[PDB]
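The letter at position 59 of the sequence shown is residue 512 when you use the UniProt record's numbering, and the numbering goes up by one with no holes.
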Amino acid sequence: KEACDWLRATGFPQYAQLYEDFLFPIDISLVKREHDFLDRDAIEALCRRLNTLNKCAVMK
Numbered sequence: 454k455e456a457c458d459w460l461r462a463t464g465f466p467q468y469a470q471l472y473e474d475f476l477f478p479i480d481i482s483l484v485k486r487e488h489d490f491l492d493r494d495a496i497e498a499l500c501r502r503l504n505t506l507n508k509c510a511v512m513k
């Protein structure tokens with residue numbers, strides 16, 4: 454939830470909806486090209502939240 458709620462607050466309802474698509478994990482590295490304009494500090498937060506979504510998709 455804290456991923457979807459923070460994603461709502463930055464203005465990314467698309468990435469909150471992406472959690473419901475837990476049938477496959479996404480290319481985080483491809484997402485890193487779509488928003489390469491920002492620093493690795495906000496990459497670390499976005500990657501942590503999108504990796505929570507991927508972690509739930511492939512919970513080994």
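We put the beta carbon where it would ideally sit given N, CA and C, even for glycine.
Measure from the alpha carbon of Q470 to the alpha carbon of each residue in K513, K485, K508, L503, then state which is nearest.
Nearest of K513, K485, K508, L503 to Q470, Cα basis: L503.
Please state the DSSP three-state secondary structure of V511.
The answer is coil: DSSP assigns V511 none of H, G, I, E or B.
If we count the other Cβ atoms within 10 Å of its Cβ and call it buried at 16 or more, is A456 buried or exposed?
Burial call: buried.
Can you tell me whether DSSP reads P466 as helix, strand or coil?
In this structure, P466 counts as helix in the three-state DSSP scheme.
Tell me whether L471 counts as near the ligand HEM, meaning its Cβ is closer than 6 Å to at least one heavy atom of that ligand.
Although the ligand HEM was asked about, the structure shown includes no ligands whatsoever.
With distance defined between alpha-carbon atoms, name the residue in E473, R461, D474, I496 nearest to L483.
The candidate whose alpha carbon is nearest that of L483 is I496.
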